[PDB]
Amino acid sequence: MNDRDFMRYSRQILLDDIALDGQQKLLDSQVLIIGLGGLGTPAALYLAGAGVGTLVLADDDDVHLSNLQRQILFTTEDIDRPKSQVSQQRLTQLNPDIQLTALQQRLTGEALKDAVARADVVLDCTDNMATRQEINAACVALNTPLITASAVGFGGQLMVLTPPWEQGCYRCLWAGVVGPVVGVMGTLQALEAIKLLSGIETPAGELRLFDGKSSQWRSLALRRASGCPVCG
């Protein structure tokens, strides 16, 4: 904790709910961001700016021109370079003081489990129902909190599933896209990760839905499934 670091995190450090204590927890944490698209992009950005000690940025894919409409971490000049690489380099410029691990690949089976295990919080930012279901299993297995989100068209979806698993996991539950609608969701995944890592009390047993056209939120009570392939 030197002059540079104090100034760097000043707007958090002076907050009663974060403070030196929280900043210290953040700097000792490691978050896994599976997927660096519309969601993961702003998320990684805010968690790096917040000073999360270690960020594992996982993604097996390259930038694309259509990507530049909502994936704010990239520029046109990165158009064909891999994402996990670009992100990692661009985030290092933002905060050179933290650990930024590029995991250029599609996480599955063991590779996934090794990552989920070595993580404090996992952010599912992949927009693929299958991956999620796998991620969920890894998280429930290794009792590691999972923050997952969706975003299609003008609507968004968010869940925070944590270790006691009191309201079940994702298995118990189960076009285009406007830039901002994915961003809000992404940025929100970050807010929850920070609040979780710094110990801030926050509601978790629910599915937060967003409708960006009407501009209103909704919530659905989640409930663990009596006899489930995971939470047992």
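Position 1 is the first residue in the sequence shown; the rest follow in order.
When 103-111 is weighed against 154-162, 103-111 comes out higher, by mean CA B-factor as recorded in the entry. Taking the mean C-alpha B-factor of each stretch as recorded, 203-211 and 41-49 are not equal, and the higher mean is that of 203-211. Considering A149, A130, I72, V122 together, the PDB entry gives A130 the largest C-alpha B factor.
You'll see in the entry that, of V31, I194, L173, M185, the Cα B factor peaks at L173. In the PDB entry, a CA B factor belonging to the middle third of its chain's modelled residues is recorded for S198. The entry lists a Cα temperature factor for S66 that places it in the middle third of the chain's modelled residues. In the PDB entry, a CA B factor belonging to the highest third of its chain's modelled residues is recorded for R223.
Per the deposited record, the Cα B-factor of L27 falls in the middle third when ranked against the other modelled residues of its chain. For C169, the recorded CA B-factor ranks within the highest third of the chain. Only modelled residues enter the ranking.
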